[PDB]
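Order of listing sets the numbers, starting from 1, for every ligand and every atom in it. Letters go in sequence order (proteins before strands), and every chain restarts at 1. Note that these values count all heavy atoms, side chains included, but never hydrogens, waters or copies made by symmetry.
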4 protein chains.
Amino acid sequence: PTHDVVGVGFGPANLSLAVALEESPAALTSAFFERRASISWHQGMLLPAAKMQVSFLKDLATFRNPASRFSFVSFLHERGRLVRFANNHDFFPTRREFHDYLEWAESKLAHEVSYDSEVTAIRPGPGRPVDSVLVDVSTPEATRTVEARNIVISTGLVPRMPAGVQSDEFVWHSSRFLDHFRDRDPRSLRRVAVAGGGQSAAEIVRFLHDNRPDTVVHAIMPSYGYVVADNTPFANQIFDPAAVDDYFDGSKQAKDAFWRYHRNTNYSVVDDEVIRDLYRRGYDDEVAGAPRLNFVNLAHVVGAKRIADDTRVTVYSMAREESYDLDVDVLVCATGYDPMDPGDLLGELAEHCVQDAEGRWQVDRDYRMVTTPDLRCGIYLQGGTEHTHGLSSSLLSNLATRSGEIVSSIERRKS
Amino acid sequence: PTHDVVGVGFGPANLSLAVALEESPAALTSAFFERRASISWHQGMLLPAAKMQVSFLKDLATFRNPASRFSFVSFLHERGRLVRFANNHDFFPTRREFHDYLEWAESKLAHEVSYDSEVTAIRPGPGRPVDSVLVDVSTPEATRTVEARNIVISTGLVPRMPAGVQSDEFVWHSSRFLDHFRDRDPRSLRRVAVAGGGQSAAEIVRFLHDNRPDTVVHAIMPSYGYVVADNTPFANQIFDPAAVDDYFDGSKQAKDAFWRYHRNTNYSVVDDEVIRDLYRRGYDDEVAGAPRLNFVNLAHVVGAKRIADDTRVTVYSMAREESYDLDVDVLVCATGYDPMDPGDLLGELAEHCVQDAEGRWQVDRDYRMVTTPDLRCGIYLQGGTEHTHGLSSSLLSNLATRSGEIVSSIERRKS
Amino acid sequence: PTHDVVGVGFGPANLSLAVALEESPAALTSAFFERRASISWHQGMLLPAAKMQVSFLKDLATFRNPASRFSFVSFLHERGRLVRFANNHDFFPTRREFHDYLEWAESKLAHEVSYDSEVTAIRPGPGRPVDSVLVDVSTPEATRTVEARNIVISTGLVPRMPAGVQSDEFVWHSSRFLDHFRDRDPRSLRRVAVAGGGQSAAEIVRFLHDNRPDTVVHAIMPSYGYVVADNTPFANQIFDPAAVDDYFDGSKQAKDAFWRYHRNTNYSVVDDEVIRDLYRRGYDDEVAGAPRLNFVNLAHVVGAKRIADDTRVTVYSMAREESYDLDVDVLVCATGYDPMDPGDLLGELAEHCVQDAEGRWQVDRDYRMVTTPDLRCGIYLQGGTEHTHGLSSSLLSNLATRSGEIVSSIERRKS
Amino acid sequence: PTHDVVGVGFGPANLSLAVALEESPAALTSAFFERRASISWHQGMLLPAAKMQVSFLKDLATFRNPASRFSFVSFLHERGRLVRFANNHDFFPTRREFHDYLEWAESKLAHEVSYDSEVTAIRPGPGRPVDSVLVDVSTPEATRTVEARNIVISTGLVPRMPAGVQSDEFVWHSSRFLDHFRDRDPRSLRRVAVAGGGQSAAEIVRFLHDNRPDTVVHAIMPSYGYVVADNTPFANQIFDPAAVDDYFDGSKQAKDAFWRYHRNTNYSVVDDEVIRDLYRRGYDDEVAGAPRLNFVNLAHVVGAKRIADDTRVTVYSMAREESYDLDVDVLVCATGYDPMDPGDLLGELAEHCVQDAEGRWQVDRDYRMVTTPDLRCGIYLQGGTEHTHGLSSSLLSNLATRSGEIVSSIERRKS
Ligand SMILES: Cc1cc2c(cc1C)N(C[C@H](O)[C@H](O)[C@H](O)COP(=O)(O)OP(=O)(O)OC[C@H]1O[C@@H](n3cnc4c(N)ncnc43)[C@H](O)[C@@H]1O)c1[nH]c(=O)[nH]c(=O)c1N2
Ligand SMILES: Cc1cc2c(cc1C)N(C[C@H](O)[C@H](O)[C@H](O)COP(=O)(O)OP(=O)(O)OC[C@H]1O[C@@H](n3cnc4c(N)ncnc43)[C@H](O)[C@@H]1O)c1[nH]c(=O)[nH]c(=O)c1N2
Ligand SMILES: Cc1cc2c(cc1C)N(C[C@H](O)[C@H](O)[C@H](O)COP(=O)(O)OP(=O)(O)OC[C@H]1O[C@@H](n3cnc4c(N)ncnc43)[C@H](O)[C@@H]1O)c1[nH]c(=O)[nH]c(=O)c1N2
Ligand SMILES: Cc1cc2c(cc1C)N(C[C@H](O)[C@H](O)[C@H](O)COP(=O)(O)OP(=O)(O)OC[C@H]1O[C@@H](n3cnc4c(N)ncnc43)[C@H](O)[C@@H]1O)c1[nH]c(=O)[nH]c(=O)c1N2
Ligand SMILES: NC(=O)c1ccc[n+]([C@@H]2O[C@H](COP(=O)([O-])OP(=O)(O)OC[C@H]3O[C@@H](n4cnc5c(N)ncnc54)[C@H](OP(=O)(O)O)[C@@H]3O)[C@@H](O)[C@H]2O)c1
Ligand SMILES: NC(=O)c1ccc[n+]([C@@H]2O[C@H](COP(=O)([O-])OP(=O)(O)OC[C@H]3O[C@@H](n4cnc5c(N)ncnc54)[C@H](OP(=O)(O)O)[C@@H]3O)[C@@H](O)[C@H]2O)c1
Ligand SMILES: NC(=O)c1ccc[n+]([C@@H]2O[C@H](COP(=O)([O-])OP(=O)(O)OC[C@H]3O[C@@H](n4cnc5c(N)ncnc54)[C@H](OP(=O)(O)O)[C@@H]3O)[C@@H](O)[C@H]2O)c1
Ligand SMILES: NCCC[C@H](N)C(=O)O
Ligand SMILES: NCCC[C@H](N)C(=O)O
Ligand SMILES: NCCC[C@H](N)C(=O)O
Ligand SMILES: [K+]
Ligand SMILES: [K+]
Ligand SMILES: [K+]
Ligand SMILES: [K+]
Ligand SMILES: [K+]
């Protein structure tokens with residue numbers, strides 16, 4: 001049994017693909033594999049009060065199909081919360097509600113996802129040219145192989161730690177913050193250092209401040225203060241479906257301009273309201289004569305070592321150009337992520353995938369990796385296209401249109 | 001040919017009824033009559049900057065059917081503006097855009113509306129008990145009569161002038177502001193009085209201030225200053241579909257409490273931003289030493305007379321308890337509207353419509369007028385239910401649910 | 001030793017009087033008596049997130065003297081927080097900070113206030129006509145009497161419980177909320193009813209929701225939901241110094257109009273942001289499937305009785321026109337306050353003090369009670385002038401100008 | 001007659017210096033010279049709706065002296081606008097009002113500024129080492145020379161045109177926009193190109209859109225859309241008086257970090273509200289089917305030539321890496337400014353001013369240029385210290401503290 005398409009990973013990106021597949025009139029067979037027990041959308045960072053960074057209109061389907069049974073509006077309606085949500089007049093749902101939306105959409109799907117199923121490798125199918133790939137899936141009980149004419153790799157962002165710092169029992173990456181935090185005794189985390197100046201760092205520091213009245217926090221970041229995230233309407237157009245075209249068709253010079261001017265729409269920046277909330281908290285503590293939030297600006301965490309009852313953090317101060325040590329109980333590195341990279345999963349197939357000048361994967365407008373003639377099977381990327389398709393690649397901005405384009409590309413080829 | 005339902009008027013209320021009819025699986029015959037040449041949704045007040053007072057989610061259908069082909073979102077999508085609209089992050093479309101939405105929905109409708117067709121009377125059909133009504137329709141060429149088992153009266157708010165003031169060449173009701181304004185020579189309206197403290201008064205004054213840099217405006221209103229319209233989330237729940245039940249089932253005492261506490265969600269109040277824009281304009285004029293906006297507070301317009309080249313407005317000052325005259329070129333009365341009242345149109349049938357203690361029409365939960373057993377045909381009201389169904393009656397808050405309930409009531413009773 | 005002026009009470013009103021006395025070139029002797037150990041500005045309601053309802057520019061002096069050493073800006077500067085405060089761009093300080101401001105201003109004052117000094121009575125001085133009053137002061141150790149040519153009564157709002165409900169160990173007025181709350185064991189207040197729909201009720205409910213994750217709260221109020229407080233710029237002008245004149249000189253009819261249109265600037269209303277915060281909290285609980293906030297709308301608390309371990313609250317539902325019982329651990333009545341009334345302290349002196357039609361005290365424009373010719377001593381009111389001077393009377397809106405006018409009145413009469 | 005200090009230029013910077021001189025107990029003699037007839041604070045850009053980019057608390061004195069007779073608050077109070085301004089609850093005055101504040105402060109000053117007086121050169125006074133400077137002043141009638149022991153150069157930002165583009169009758173710099181615009185027939189500017197993506201470009205485009213209904217505007221800028229200006233509270237701390245020390249004492253690496261992370265607090269960015277106003281305008285034009293605003297993104301103006309009745313603008317498109325021509329009536333270059341540079345005015349004295357590695361003037365913490373021992377006279381810079389003191393140098397953020405520090409430095413040295 002050869003599938004038209006196999007999806008690796010089941011986050012929002014492949015969920016929207018499943019939705020696109022179901023809504024399409026095209027009869028395409030598919031299978032999806034997720035290594036976790038169920039949809040798990042950055043649960044380590046499901047902090048109380050966490051808000052979506054994207055308007056509810058940018059959901060699984062709406063921009064493609066304005067009357068989808070899988071829209072956020074349909075979800076709210078079924079949950080009997082549409083009226084309540086509309087009364088709020090807020091475009092940005094909480095992360096908790098969006099996580100629900102995903103699970104609700106997944107249940108509504110006809111298809112059935114295979115969970116606890118980790119893709120361990122992707123191999124050339126039989127024959128030359130290669131017309132299919134073999135997908136090696138490992139479950140808790142067994143291992144198996146599925147064959148598909150196309151594969152969509154959507155395995156998500158990859159946590160990045162500071163250079164010279166490794167995760168450990170007392171050094172966590174923000175992506176695992178709640179995993180570790182719920183285990184430890186509250187009275188054992190009285191001193192926390194959080195490295196970073198982005199949304200994760202801000203959200204974690206705010207949470208620590210709100211969670212216990214006596215926690216002391218050291219917010220260590222390279223900027224002089226949090227930088228506001230830009231989602232004003234003109235800059236925000238870089239996330240438009242049509243902006244994918246502008247970026248893709250644009251010269252390298254134009255692509256560089258997008259990053260140079262609008263990186264602050266997503267990377268190393270913090271939502272306005274979270275910034276203001278943090279500033280108010282700091283101010284009130286001052287008024288109360290009980291400061292707890294220590295902002296260590298113009299600085300980088302450069303090392304961590306466990307010394308007895310202390311996690312000893314080495315901090316480099318740019319202002320003085322010298323490093324020094326800071327003792328805390330835990331170091332949380334909210335130091336961001338690297339883009340998805342299909343390389344590892346691809347193995348041997350990588351030989352047939354064409355790279356650019358800077359040694360990155362060449363990808364077509366329809367999200368299909370460029371391959372030599374030796375490979376005829378479609379390898380599509382949802383994620384890992386920052387350099388070809390632009391800043392929407394790792395985000396929720398363009399799920400509906402990308403998934404629709406991928407489905408269309410596959411139908412166009414099959415036939 | 002007897003219709004299941006005839007709609008009198010084709011504003012948003014009956015348009016949503018048409019949409020509900022089309023989306024219903026029920027096979028119901030219908031005809032709609034609109035006196036005007038086309039949909040004309042308060043065009044007299046289609047001022048340049050005018051905004052909807054209601055979230056775009058409160059459209060023709062969405063609260064009832066979250067995936068309607070007639071939703072505002074579908075409209076934006078077809079107009080290729082959904083992405084642009086989402087970039088704005090504003091729940092409130094302009095009135096211009098919403099007017100378009102109505103015309104777009106009307107065109108999409110399978111049904112064909114009869115324009116230039118004014119319903120002049122509604123009469124008892126043949127037989128006892130009366131099982132149908134006869135609808136007298138006057139067109140420019142002819143007159144005709146159609147028969148229907150049910151009728152939905154949705155003829156809209158009725159302009160209300162101040163007591164002792166009649167409309168004329170130089171005394172306009174706000175509803176006909178742009179009609180008159182476009183005709184006159186700009187250099188002829190250097191002095192305008194606008195009576196009222198509500199949304200219409202504020203929008204007209206702002207427009208006059210923005211339109212020509214020399215116009216002098218007298219804003220005459222009973223309050224000490226504009227009162228803000230309340231649409232904060234808890235108060236705003238009075239517009240919920242479920243709040244219709246609370247109001248309807250509640251005692252007279254509870255109904256009175258809705259008006260006593262939440263009248264300021266809609267009547268005699270002004271949108272926050274329009275208030276602030278007016279205040280900033282007044283302020284800047286002061287800075288410039290060139291005041292143009294004269295706020296005449298704690299006052300009522302009590303009369304108007306034309307004396308030569310002046311419209312002489314009699315103003316009563318509450319503070320001084322005396323009246324005085326103000327000469328301007330034009331008096332605009334933005335003094336509001338009375339609720340729709342089916343009475344006049346009903347003629348003979350009214351005898352069989354049951355009234356309450358205070359002399360108002362009794363109406364059932366499904367919007368159907370209470371009649372004696374002499375009348376078995378359905379008379380439904382969209383509008384004119386302020387006293388039975390509450391503050392959403394004249395508004396766009398609840399189009400989707402009301403139209404759906406009316407259609408359901410009719411299907412139920414057909415059987 | 002006869003003082004020119006004696007102040008009864010030492011809240012913001014008399015503090016601003018002391019400031020006005022010190023800034024005045026007039027050499028006036030004075031004494032101030034406060035019954036508490038120190039300035040105590042609604043400490044029972046000093047909740048964690050509580051914000052001023054008035055801009056920082058409306059402080060002790062600024063509207064009168066734009067370069068006062070006692071301004072909020074001077075205070076921030078001295079406290080080395082001016083720059084930090086300005087970075088916030090928020091006109092509204094926290095209540096905690098403002099309480100500090102009062103203390104700071106009081107310390108700066110040359111004059112020494114007499115604390116732990118309760119004024120128990122005010123009596124006629126000697127002579128005919130009466131040219132001074134005798135002020136009976138009770139301290140913990142002794143009692144004494146001081147003599148003054150003028151007296152300024154500023155003893156503040158008086159808590160008002162619902163009719164038929166008395167304060168008790170388990171029935172508290174909001175004004176004493178933190179007093180009682182700090183004593184009780186947290187695990188003993190799992191069920192709280194809060195009566196009222198105003199700022200106090202909303203702040204208390206928000207605090208209870210934020211303070212412990214498992215407290216269940218019943219918010220019982222007559223409206224269908226919180227009504228927003230209006231401070232949009234035109235309505236806000238009722239608080240202008242010049243608006244005192246408009247209200248004072250205006251007919252009774254005009255005075256009624258201020259209340260009829262603008263009572264929502266202060267009474268039975270809630271700040272926009274606090275409303276939205278509460279709505280978001282309720283929403284998130286619903287998403288989490290763990291509702292804790294129970295809004296009991298269109299209702300009044302009409303009785304309370306303690307039965308065993310339960311406080312039994314009798315609630316009257318307007319919708320059903322029937323009462324019923326609700327069992328909680330504590331009932332908090334956030335049911336507001338009555339205006340200051342000088343009647344009580346005045347005792348015998350009432351006889352020389354003139355009343356109006358509705359039987360209230362007549363007061364001159366300079367805040368001086370109207371007396372017969374037999375009394376020539378000045379009795380001034382800061383508070384209790386709602387009916388003569390308008391809505392600014394109990395508020396902080398007009399401290400600077402009123403205090404300045406009282407001082408001027410006193411200097412004028414001396415001469 | 002030798003002055004303690006001579007100020008070159010009389011904008012806000014030297015105006016705040018004069019105020020600091022007057023408030024200081026130090027007896028210092030001074031003279032100020034302004035080339036223009038009066039204070040002229042970017043009048044070329046005094047567009048109708050233009051707002052301050054800085055809180056009113058950052059005025060001529062307040063951060064230094066919280067009770068200055070020259071504060072913005074004092075100004076509002078004298079102008080009987082303080083109450084009105086406070087009702088607005090907006091920290092940002094209009095530019096028109098601020099211009100008024102400057103002139104009001106200037107009039108209140110005891111000192112008399114010398115207008116129509118252009119400093120043409122600064123020369124070494126007699127003797128070695130040089131203890132004074134000679135200041136050559138040119139008036140319309142005469143020329144003269146004054147002698148001073150210190151000089152403060154505050155001559156303002158210098159307009160910068162694009163490389164390869166010169167100003168002319170039809171190519172204007174934004175600084176002279178209104179000068180030219182109020183000298184041309186409205187019906188003659190139907191087509192305007194505005195180069196730039198900063199605050200000036202945005203305001204000019206908005207103004208053109210609002211000013212006439214039929215003007216067509218080409219907004220040409222290198223970014224993909226306007227980038228929002230950051231003034232959220234933590235990033236905004238770079239403007240704190242104390243942040244001057246952090247920047248000054250910090251390593252070059254730290255100074256670079258300020259620019260790398262927080263350039264977007266001022267340069268090449270647009271105020272949030274102006275961005276949104278432009279987006280709403282573009283949207284409504286689209287709805288109306290009458291587009292007028294043409295956004296030419298990822299582009300630079302690289303040349304301009306007059307050809308008959310057309311101004312021919314050469315545009316370079318980064319996306320296509322090619323240039324093309326655009327014909328309009330006028331090209332407005334809102335392409336920014338260069339920092340003040342004392343070099344030209346200094347002439348011979350420059351030999352003795354010490355430069356850094358990158359060829360820029362060394363400046364001490366007290367704003368005094370570093371000189372060799374050959375020069376003992378003080379040369380202070382208000383402006384031109386971006387590289388030593390940071391981003392507040394050309395701004396209004398820190399007038400009060402800088403002027404106070406300069407006065408102090410001068411008193412100290414005279415000592
Ligand atoms: C805390 C936080 C919060 C947000 C965001 C990021 C972060 C860190 N994002 C960006 C984020 O990337 C986006 O929300 C989605 O997670 C991306 O969808 P994907 O389906 O592509 O990856 P995603 O990371 O969601 O899913 C990948 C899945 O594949 C699985 N997987 C990995 N390897 C596998 C293998 N070998 N075999 C099988 N399964 C495998 C993973 O387990 C995972 O379930 C975001 N963006 C935005 O626009 N708005 C927002 O609000 C947010 N919110
Ligand atoms: C200026 C302005 C702006 C708004 C609003 C009011 C006003 C005055 N409203 C309220 C307004 O009532 C609502 O927008 C609808 O117009 C009500 O729908 P009907 O369809 O009920 O009225 P209308 O929309 O008033 O429907 C009446 C139609 O029937 C026709 N008609 C009447 N008698 C007839 C006859 N005998 N024969 C044939 N045709 C006849 C009329 O010509 C008219 O076209 C509003 N509410 C809200 O919630 N949000 C908002 O943004 C606004 N905006
Ligand atoms: C919780 C809360 C919060 C606010 C407000 C009210 C409440 C309940 N208010 C209104 C409030 O009335 C105002 O802030 C001041 O408290 C009023 O100033 P007074 O000096 O007149 O009375 P205030 O009540 O402040 O002081 C009266 C004093 O006299 C003392 N006293 C009474 N009898 C005495 C006696 N016989 N002898 C000696 N001393 C006696 C009392 O002990 C007390 O200290 C307000 N308004 C506003 O405009 N902005 C705001 O932010 C707030 N905030
Ligand atoms: C359109 C616009 C609007 C703003 C701003 C800039 C621009 C371009 N700015 C920044 C601006 O630089 C600041 O507002 C002041 O103008 C700086 O004050 P200065 O006194 O240093 O120079 P400024 O440019 O104000 O004045 C210098 C004066 O010296 C005169 N002069 C020059 N050479 C001379 C000579 N040889 N002899 C005699 N006189 C001479 C000039 O005539 C001029 O009057 C700003 N920043 C901010 O923080 N908030 C804001 O809102 C704004 N607003
Ligand atoms: N509520 C939500 O929906 C939510 C919450 C969290 C995250 N997200 C999303 O997830 C994505 C990632 O954001 P992120 O905050 O996780 O990471 P990020 O945006 O990449 O930012 C990481 C931060 O760490 C800093 N950093 C890196 N190395 C450091 C070091 N050695 N010492 C100190 N600081 C260091 C970075 O500074 P430099 O940039 O200068 O290197 C940057 O400030 C974004 O799309 C974000 O919006 C969303
Ligand atoms: N952009 C939009 O979508 C838009 C625009 C305009 C209107 N609307 C809607 O239309 C409906 C009605 O609004 P409206 O503003 O037209 O009417 P309105 O809300 O009833 O306002 C009427 C006003 O005129 C006053 N008034 C009455 N008689 C007067 C007199 N003799 N002299 C001076 N003033 C007098 C009223 O005072 P009193 O209240 O004290 O009696 C009140 O201030 C509302 O639902 C509104 O939201 C919407
Ligand atoms: N952060 C702050 O600075 C702050 C905090 C709290 C209060 N304040 C100020 O203090 C003043 C008073 O505010 P407030 O909230 O204490 O009192 P309030 O404004 O007088 O409100 C009292 C509320 O209780 C309701 N009520 C009365 N009797 C009731 C009953 N038997 N059962 C249920 N509800 C009942 C009232 O309803 P009805 O209107 O229908 O009578 C009203 O909603 C205001 O000036 C306010 O701004 C300021
Ligand atoms: N970090 C998420 C950015 C989302 C973007 N503003 C968008 O509207 O798609
Ligand atoms: N609840 C106090 C209201 C204060 C009023 N808005 C003022 O500006 O004075
Ligand atoms: N472009 C002017 C920026 C001013 C700065 N945000 C400040 O508050 O000082
Ligand atoms: K499923
Ligand atoms: K004095
Ligand atoms: K001096
Ligand atoms: K002067
Ligand atoms: K002078």
Side-chain angles (χ1 to χ4, degrees), chain A residues 8-16 18 33-36 39-42 44-47 50-54 58 92-93 95 98 102 106-113 117-120 137-138 153-157 159 174-175 199-200 203 239 266 336-337 340 344-345 382-383 392-397 399, chain C residues 8-17 32-36 39-42 44-46 50-54 58 92 95 98 102 117-120 137-138 153-157 159 174-175 199-200 203 239 266 336-337 340 344-345 382-383 392-399:
Chain A
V8 185
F10 210 69
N14 272 348
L15 211 203
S16 68
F33 303 105
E34 167 63 47
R35 56 171 176 210
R36 267 144 144 146
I39 286 178
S40 183
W41 179 62
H42 311 285
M45 282 289 297
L46 277 175
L47 306 159
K51 304 290 302 298
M52 297 303 294
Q53 301 300 295
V54 88
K58 306 199 181 199
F92 304 84
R95 291 238 293 121
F98 193 84
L102 297 177
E106 189 270 1
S107 298
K108 189 164 201 182
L109 265 192
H111 186 280
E112 209 92 72
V113 173
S117 307
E118 182 178 34
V119 172
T120 54
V137 182
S138 169
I153 305 176
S154 321
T155 52
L157 296 167
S174 62
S175 56
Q199 187 74 24
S200 292
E203 276 191 21
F239 302 104
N266 182 71
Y337 299 74
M340 195 196 82
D344 286 352
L345 234 40
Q382 302 201 108
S392 69
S393 299
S394 75
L395 305 187
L396 300 174
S397 311
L399 294 189
Chain C
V8 186
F10 210 69
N14 274 351
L15 209 206
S16 68
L17 189 72
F32 290 91
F33 303 103
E34 165 62 51
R35 56 171 175 209
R36 269 169 188 263
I39 285 179
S40 186
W41 180 62
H42 311 288
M45 281 287 300
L46 278 174
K51 304 292 301 297
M52 297 301 292
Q53 302 299 294
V54 88
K58 306 198 179 198
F92 302 85
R95 291 239 294 125
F98 192 86
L102 302 168
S117 307
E118 183 177 36
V119 173
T120 52
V137 183
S138 171
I153 304 178
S154 323
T155 50
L157 296 170
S174 67
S175 55
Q199 186 73 22
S200 299
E203 285 181 9
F239 301 107
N266 182 72
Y337 298 77
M340 194 198 86
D344 265 17
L345 243 33
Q382 303 202 103
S392 74
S393 297
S394 74
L395 305 186
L396 299 176
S397 313
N398 212 50
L399 297 186

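Summary of contacts: the protein heavy atom closest to atom 17 (C) of ligand 1 is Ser394(A) O, 3.9 Å. Closest to atom 51 (O) of ligand 1 among all protein heavy atoms lies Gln53(A) N, 2.8 Å. Among protein heavy atoms, the minimum distance from atom 29 (O) of ligand 1 is reached at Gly9(A) CA, 3.0 Å. For atom 31 (N) of ligand 1, the closest non-hydrogen atom of the protein is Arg35(A) NE, 3.8 Å. Atom 49 (N) of ligand 1 has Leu396(A) CD1, 3.5 Å as its closest protein atom, hydrogens excluded (heavy atom only).
Side-chain atoms of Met45(A) and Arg95(A), non-hydrogen and from C-beta on, do get closer than 4.5 Å to each other.
Under a 4.0 Å heavy-atom criterion, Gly383(A) is not in contact with ligand 1. Ligand 1 lies less than 4.0 angstrom from a heavy atom belonging to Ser117(A).
In terms of N/O distances under 3.5 Å, ligand 1 is not approached by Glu118(A). Any N or O atom pair closer than 3.5 Å counts here, and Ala13(C) shares at least one such pair with ligand 3. The N/O atoms of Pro12(C), backbone and side chain alike, include one that comes under 3.5 Å of an N/O atom in ligand 3. Distances between N or O atoms of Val8(C) and those of ligand 3 include no value under 3.5 Å. Ligand 3 has no nitrogen or oxygen under 3.5 angstrom from a nitrogen or oxygen of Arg95(C).
Within ligand 1, the atoms closer than 4.0 Å to a non-hydrogen atom of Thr155(A) are 27 (C), 29 (O), 32 (C), 33 (N), 34 (C), numbered from 1 in the order shown. Contact atoms of ligand 3 toward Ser154(C): 27 (C), 28 (C), 29 (O) (distance under 4.0 Å to a heavy atom of the residue). Counting atoms of ligand 3 from 1 in the listed order, those under 4.0 Å from a heavy atom of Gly11(C) are 20 (O), 25 (O), 26 (O). Listed by number with element, the atoms of ligand 1 under 4.0 Å from a non-hydrogen atom of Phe10(A) are 28 (C), 29 (O). The ligand atoms of ligand 1 that sit less than 4.0 angstrom from a heavy atom of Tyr337(A) are 8 (C). For ligand 3 and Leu157(C), the ligand atoms under 4.0 Å from any heavy atom of the residue are 12 (O). Of all the atoms in ligand 1, the ones that sit under 4.0 Å from a non-hydrogen atom of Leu395(A) are 46 (N), 48 (O). Taking every heavy atom of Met45(A) and a limit of under 4.0 angstrom, the matching atoms of ligand 1 come to 1 (C).
Looking at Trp41(A) against ligand 1, only its side chain comes within 4.0 Å, counting heavy atoms. With a 4.0 Å heavy-atom cut-off, ligand 1 is reached by no atom of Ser175(A).
Taking backbone and side chain together, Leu109(A) holds an N, O or S atom under 3.4 Å from the K ion (ligand 11).
Of the candidates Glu203(A), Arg36(A), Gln382(A), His42(A), the one placing a heavy atom closest to atom 7 (C) of ligand 1 is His42(A). Nearest-heavy-atom check against atom 37 (N) of ligand 3 across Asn14(C), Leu46(C), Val119(C) picks out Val119(C).
For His111(A), the N, O or S atom closest to the K ion (ligand 11) goes by the atom name O.
Of the protein's heavy atoms, at least one falls inside 4.0 Å of atom 21 (O) of ligand 1.
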